[PDB]
Amino acid sequence: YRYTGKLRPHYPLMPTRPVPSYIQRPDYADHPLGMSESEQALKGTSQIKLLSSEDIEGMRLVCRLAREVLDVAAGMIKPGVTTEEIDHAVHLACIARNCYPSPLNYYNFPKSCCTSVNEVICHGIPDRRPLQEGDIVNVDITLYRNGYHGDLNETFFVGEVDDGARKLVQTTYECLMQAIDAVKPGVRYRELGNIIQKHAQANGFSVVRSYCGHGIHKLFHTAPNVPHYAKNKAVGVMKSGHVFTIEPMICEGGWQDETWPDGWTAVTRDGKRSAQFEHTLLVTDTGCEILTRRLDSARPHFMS
Ligand SMILES: CO[C@@H](C(=O)NCC[C@H](c1ccccc1)c1ccco1)[C@H](O)[C@@H](O)[C@H](O)/C=C/C(C)(C)C
Ligand SMILES: [Mn+2]
Ligand SMILES: [Mn+2]
Ligand code: NA
């Protein structure tokens with residue numbers, strides 16, 4: 001394998017962490033290949049659930065608990081902290097909230113969150129690498145509570161970063177927020193990628209094509225598919241009651257991705273940095289409710 005930049009995996013990984021059996025588990029957690037039979041049963045449908053009142057309450061809850069766990073992780077980002085140490089803290093914080101860490105064993109993903117540094121686009125596997133001053137790191141949290149999943153991410157700065165890092169992270173966050181600002185009933189899912197790409201391209205960045213936002217509720221990934229690039233052909237129209245994520249990955253160089261031999265870590269083919277933000281959104285009559293927003297602070301963590 002020829003690595004595309006300076007990052008390398010730092011092995012061995014810690015043995016898989018158990019979740020006590022009093023915590024409710026999603027279907028894939030005990031499938032040997034981590035397959036979700038409830039998702040597979042819906043693979044080839046473009047149909048989108050209209051959430052009931054009960055479902056919306058269940059989503060509001062799990063998404064606020066997910067935000068609290070991302071905030072725990074944010075508090076730990078400093079030079080010399082390993083991404084495994086962040087994942088251990090995340091795993092305990094989900095269990096403290098009587099939630100299961102949705103990524104764990106999802107298609108046999110081996111950890112409880114994703115930690116993506118620098119050229120990693122997404123799905124990085126927490127490992128023994130200490131964070132370095134100058135890194136950008138994304139921590140991606142998903143919790144499962146009472147049958148519902150809540151999913152969010154932010155990119156963070158590890159100590160002092162260069163100007164390129166600052167601009168890429170800021171632009172990525174703005175891409176996400178301008179797409180959220182367009183969400184309301186009657187808008188096509190395919191429109192968000194036009195917005196995101198327009199703003200990324202204005203800043204000299206590119207938009208990853210291989211990974212998309214998605215419906216989420218009782219299933220971790222379901223309809224709609226929500227691409228982040230322009231002129232995509234996604235199917236569907238937003239209605240009050242739809243819940244889904246927007247999670248753009250924007251890159252300093254070209255958009256092309258590849259995956260590491262671990263079968264998870266997605267990286268820029270050119271080795272240049274990539275940043276991402278994600279929120280879980282519910283469409284309301286007035287636009288949308290950001291289920292995974294901060295309730296106690298105006299800005300994302302990188303802007304402190
Ligand atoms: C970019 O990452 C997302 C993803 O893989 N989005 C792809 C979604 C997918 C998809 C499928 C085919 C092509 C492109 C996207 C989809 C949409 C609707 C149904 O399935 C995940 O949703 C991410 O936010 C989550 O935190 C990490 C999850 C793992 C446990 C998997 C690491
Ligand atoms: Mn996520
Ligand atoms: Mn997601
Ligand atoms: Na990255």
Side-chain angles (χ1 to χ4, degrees), residues 4-5 7 26 28-29 34-36 38-40 42-49 63 66 69-70 83 87 90 100-126 135-144 149-158 161 165 168-169 172 176 189 193 205 208-217 219-229 232 234-236 243-253 257 259 262-268 271-281 292:
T4 72
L7 204 67
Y28 60 84
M35 294 173 165
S36 172
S38 57
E39 288 177 9
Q40 282 175 322
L42 298 159
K43 178 162 44 135
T45 85
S46 63
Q47 168 73 243
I48 306 169
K49 189 182 205 45
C63 287
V69 170
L70 181 74
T83 54
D87 171 82
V90 159
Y100 181 91
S102 304
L104 182 66
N105 203 43
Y106 184 73
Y107 292 81
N108 291 332
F109 187 79
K111 288 288 195 179
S112 296
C113 60
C114 308
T115 47
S116 297
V117 178
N118 294 338
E119 64 274 33
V120 177
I121 286 167
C122 62
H123 309 168
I125 294 172
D135 285 343
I136 67 177
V137 56
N138 182 282
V139 178
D140 192 331
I141 296 307
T142 309
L143 274 57
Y144 182 69
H149 289 97
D151 189 7
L152 77 162
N153 76 52
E154 294 187 14
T155 303
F156 305 105
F157 297 146
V158 186
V161 294
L168 176 55
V169 173
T172 301
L176 171 66
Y189 288 98
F205 299 139
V208 174
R209 302 177 68 97
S210 293
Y211 292 100
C212 292
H214 52 92
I216 183 173
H217 37 78
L219 302 183
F220 190 167
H221 298 93
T222 190
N225 191 63
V226 188
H228 309 292
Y229 55 87
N232 73 75
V235 169
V243 175
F244 55 105
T245 70
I246 303 173
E247 56 176 310
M249 300 139 280
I250 299 306
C251 304
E252 285 185 314
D257 63 286
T259 309
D262 63 25
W264 287 103
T265 305
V267 293
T268 60
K272 288 208 182 318
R273 290 180 291 195
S274 179
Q276 184 178 21
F277 285 86
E278 174 176 26
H279 276 300
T280 293
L281 300 181
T292 46

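For reference, positions follow the sequence shown, starting with 1. In what follows, every heavy atom counts, from backbone to side chain, and hydrogens, waters and symmetry copies are set aside. As the structure lists them, so they are numbered: ligands from 1, and atoms in each ligand from 1.
Of the protein's non-hydrogen atoms, the one nearest atom 26 (O) of ligand 1 is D140 OD1, 2.8 Å. Atom 7 (C) of ligand 1 has as its closest protein heavy atom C212 O, 3.4 Å. Protein heavy atom in closest approach to atom 18 (C) of ligand 1: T222 O, 3.4 Å. Nearest to atom 28 (C) of ligand 1 among the protein's heavy atoms is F220 CZ, 3.7 Å. The protein atom (non-hydrogen) at minimum distance from atom 22 (O) of ligand 1 is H221 NE2, 2.7 Å. Looking only at protein heavy atoms, the nearest one to atom 12 (C) of ligand 1 is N225 OD1, 4.9 Å. Looking from atom 2 (O) of ligand 1 to the surrounding protein, the closest heavy atom is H123 NE2, 2.9 Å. Among all protein heavy atoms, the one lying closest to atom 30 (C) of ligand 1 is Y106 CD2, 3.7 Å.
One N or O on the side chain of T280 and one on the backbone of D151 form a donor-acceptor pair closer than 3.5 Å. Of the possible donor and acceptor atoms, one in the side chain of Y107 sits under 3.5 Å from a partner among the backbone N and O of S36. Listed for the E119 side chain is no donor-acceptor partner under 3.5 Å among the backbone atoms of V267.
Residues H228 and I246 form a side-chain contact, since some pair of their non-hydrogen atoms from C-beta on lies under 4.5 Å apart. Here the side chains of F156 and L70 are in contact, with some heavy-atom distance below 4.5 Å. Looking at heavy atoms from C-beta onward, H214 lies in side-chain contact with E247 at the 4.5 angstrom threshold. The shortest distance between side-chain heavy atoms of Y229 and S210 does not fall below 4.5 Å. Side chains of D257 and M249 form no contact here, defined as non-hydrogen atoms less than 4.5 Å apart. Taking 4.5 Å as the limit, every side-chain heavy atom of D87 sits out of range of all side-chain heavy atoms of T83.
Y211 and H123 are not linked by any side-chain donor-acceptor pair at a separation below 3.5 angstrom, with hydrogens and angles left out of the test. A donor-acceptor contact closer than 3.5 angstrom is absent between the side chains of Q47 and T45. A side-chain N or O of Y106 and one of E39 form a donor-acceptor pair less than 3.5 Å apart.
Listed by number with element, the atoms of ligand 1 under 4.0 Å from a non-hydrogen atom of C114 are 32 (C). Heavy-atom proximity to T142, at under 4.0 Å, picks out these atoms of ligand 1: 26 (O). The atoms of ligand 1 that sit less than 4.0 Å from any heavy atom of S210 are 14 (C). For ligand 1, the atoms closer than 4.0 angstrom to any heavy atom of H214 are 17 (C), 18 (C), 22 (O).
Atoms CG and CD, on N138 and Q276 in that order, are 5.0 Å from each other to the nearest 0.5 Å. Atom OG1 in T115 sits 8.5 Å away from atom CD1 in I125 (nearest 0.5 Å).
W264 and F109 have perpendicular rings, their planes meeting at more than 60° on a 0 to 90° scale where under 30° would count as parallel.
The atom name of the N/O/S atom in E247 closest to the Mn ion (ligand 3) is OE2. Distances from the Mn ion (ligand 3) to each N, O or S atom of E278 single out OE2 as the nearest.
Contacts between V226 and ligand 1, counted as non-hydrogen atom pairs separated by less than 4.0 Å, are absent for every part of the residue.
Listed by chain and number, the protein N, O or S atoms at a distance under 3.0 Å from the Na ion (ligand 4) are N118 O, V120 O, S274 O.
At least one N or O atom of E278 sits closer than 3.5 Å to an N or O atom of ligand 1. Of the polar atoms of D151, at least one N or O is found under 3.5 Å from an N or O of ligand 1, judged by distance alone.
Taking the Mn ion (ligand 3) as the apex, the angle formed with NE2 of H214 and OD2 of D151 is 90°, to the nearest 10 degrees.
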